[PDB]
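Below is one structure, written out as structure tokens; comments come after it.
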Ligand SMILES: CC(C)CCC[C@@H](C)[C@H]1CC[C@H]2[C@@H]3CC=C4C[C@@H](O)CC[C@]4(C)[C@H]3CC[C@]12C
Ligand SMILES: Cc1ccccc1CC(C)(C)NC[C@H](O)c1ccc(O)c2c1OCC(=O)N2
Ligand SMILES: OC[C@H]1O[C@H](O[C@H]2[C@H](O)[C@@H](O)[C@@H](O)O[C@@H]2CO)[C@H](O)[C@@H](O)[C@@H]1O
Ligand SMILES: OC[C@H]1O[C@H](O[C@H]2[C@H](O)[C@@H](O)[C@@H](O)O[C@@H]2CO)[C@H](O)[C@@H](O)[C@@H]1O
Ligand code: NA
């Protein structure tokens, strides 16, 4: 009844810029975590940046502020600015949301993916 | 030796009223006994009690006899009682005029109060000798005897009134039903919790820290299903504790152990989530694997100091007549406590977890509608506290009221409220284990 719609991928040369958009259609519980995940071939899935509905964020350590995650209140939408891109960032990026309506455990909705590949 | 149909009915009469023991035990004043209240000796020597038993039975019993052997001892006691009734000018006329069923009622009274005691009922006895059954019943229902032991007096008086065994048939049927009913409760507690524990143990993705707290709950609720609730059920279906003073005190302390560990874990889970749902990123940077296990070991450490330390040190004992009567009676395992223990244990076991859980789960949802401007999360809040409150608050309100005004909390009510809390150990696995990887786990276990 709730699906994640994600856009903003493509291909850019090294040191490029992109802004990601993830709309969480439908209504879900007010306490949640919106974030982004990536996985390159060979390597395995990994967090990059997450943001809480209060505002608390957390970035991976492959990100020295080059990426900035942010929500936009009154709309279930989280954006991720990708700057100073390195060829090491080629991966499919996934939009994830941590739903907390059930209070004892998490409920995970997943977007299906947007390919991102970077050239040097 | 020689038994009769009348003999056996009296035997089964008093196995209900007094109980049957096939191994040597101690009576209220420490004397070795076996069967249905058959005194072996006043000597403080078990081997002396065994030699008296072996001479009476005609076998090397070594303290263990059969039911038929208990009836041999019992019919001798009945023969002695009848034999002294006929020597008593107050009791012989009535006894001579009664039928066999009502003679059993009179013998039952003599086994409870003594020959001399029963011979003081001169007006009731006159009425029975004249076959005025309903008048004698009314009169006996006003007796000091009736006010002291109401249940037994009702069964005996019913026997006098009707001349039938209906009161004792009704007791056997009542108990047998409660036996099945509580046997069902027992396995719902066990199955529901043993199913949760192994689902965590064998599924690799269920080893979260919030689930690390849940299997401590499920294991506290499991010991209660195996040890506390079953032995608690023997008291209800039999009216007595059958397993000696030592296991009474150990069972009692295991009871307050598991319930303290269970409720306080519901409190740890309560704040765990909050701390994880309001500030998730601090949360993981604060609660390591050692700290999570550090909490549960503290809970069980607190539970041990609430349960085994004060109960084994007898810090809980009251100092009244029914306090001391129950302490001396190994068949009485009532938890007659003083005011300070009743209040201190209730605060540590129930009251501080209640108001912490009430505070934590409240702040969860005020900071929920601080962003919506839903109730599927409110109704989960509604039952997490609603089930917990209805299960345990009736008992701890009655517990503190009884700790000031004993006469306000009758035993029946008091025992029922405690069984409401016992039922929470079966409700919690239903409540706190509804994740998609619990649901999909349990399916896998049973298929
Ligand atoms: C939110 C929670 C902690 C509130 C519950 C408070 C409970 C413990 C309060 C509410 C009513 C209180 C009782 C009200 C009346 C009496 C009779 C009095 O002569 C002795 C104390 C006694 C028996 C009180 C004991 C404590 C009591 C049971
Ligand atoms: C033995 C018997 C006889 C009749 C009915 C019930 C029982 C079983 C009993 C009362 C022992 N259950 C113990 C009960 O679960 C319990 C648990 C934790 C506590 O901190 C307390 C407590 O009792 C009151 C109290 O003040 N402290
Ligand atoms: O002190 C109480 C009462 O004890 C005896 O009563 C019974 C006993 O309780 C029964 O369990 C049964 O087994 O037989 C006993 C008698 O041997 C006495 O009958 C009585 O003198 C005394 O008051
Ligand atoms: O106590 C008098 C009052 O209590 C009687 O109960 C007896 C009990 O039956 C015996 O076991 C005895 O040893 O202890 C109590 C008195 O010591 C009767 O229970 C009752 O009707 C009577 O009025
Ligand atoms: Na006792």
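With a simple spin-label model that places each label point 7 Å from the Cα along the Cα-to-Cβ direction, the separation between residue A:64 and residue B:362 comes to 4.9 nm. Computing FRET efficiency as 1/(1 + (r/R0)^6) for residue B:174 and residue B:64, where r is the C-beta to C-beta distance and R0 is 30 Å, gives about 0.50.
Which part of the range B:100-116 falls in the paramagnetic zone of residue B:12, meaning amide N under 12 Å from the point 7 Å along Cα-to-beta-carbon? Output list for this probe position: empty.
Inter-label distance, residue B:355 to residue B:42: 5.5 nm, where each label sits 7 Å from its Cα along the C-beta direction.
Using helices alone, what [θ] at 222 nm do you get for chain B, with -39,500 (n - 2.57) per DSSP H run of 4 or more residues, divided over all residues and rounded to the nearest 500? Please list the in-between numbers first.
Working: 23 runs with 318 residues, N = 447.
Dividing the helical sum by the residues of chain B leaves -23000 deg cm²/dmol.
Given an 8 Å cut-off on Cα distances and at least 6 residues of separation, report the relative contact order of the range B:1-50 as a percent. Working shown, then result.
Details: 48 pairs, mean separation 11.0, N = 50.
22 percent.
Percent of alpha carbon pairs in the protein assembly as shown separated by more than 29 Å?
Working: 106863 of 160461 pairs.
Of the Cα pairs, 67 percent sit more than 29 Å apart.
If you take the Cα centroid of the range B:383-418 and the Cα centroid of the range B:195-214, the two points sit 33 Å apart. Here residue B:26 and residue B:431 are evaluated by their C-beta separation; at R0 = 45 Å the FRET efficiency comes out at 0.55. Taking a cut-off of 16 Å, what percent of all Cα-Cα pairs in the range A:3-118 are separated by more than that? The answer is 58 percent, as a whole percent. Spin-label model, residue B:79 to residue B:293: label points 7 Å out along the Cα-to-beta-carbon direction sit 6.8 nm apart. The slack between residue B:201 and residue B:88, meaning 0.36 nm per residue of separation minus the straight C-alpha distance, is 33.5 nm.
Take the Cα radius of gyration of chain B and divide it by 2.2 N^0.38 Å, N being the number of residues; the result is 1.23.
Using a cutoff of 8 angstrom between alpha carbon atoms and counting only pairs six or more residues apart, the relative contact order for chain A works out to 34 percent.
Placing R0 at 60 angstrom, the Cβ-Cβ distance between residue A:40 and residue B:162 gives a FRET efficiency of 0.10 after rounding to 0.05.
Values quoted throughout were computed directly from the atomic coordinates according to the rules given, and no laboratory measurement underlies them. Don't worry about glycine lacking a Cβ; one is built from the backbone with ideal geometry, like all the others, and counts go over all protein chains shown.
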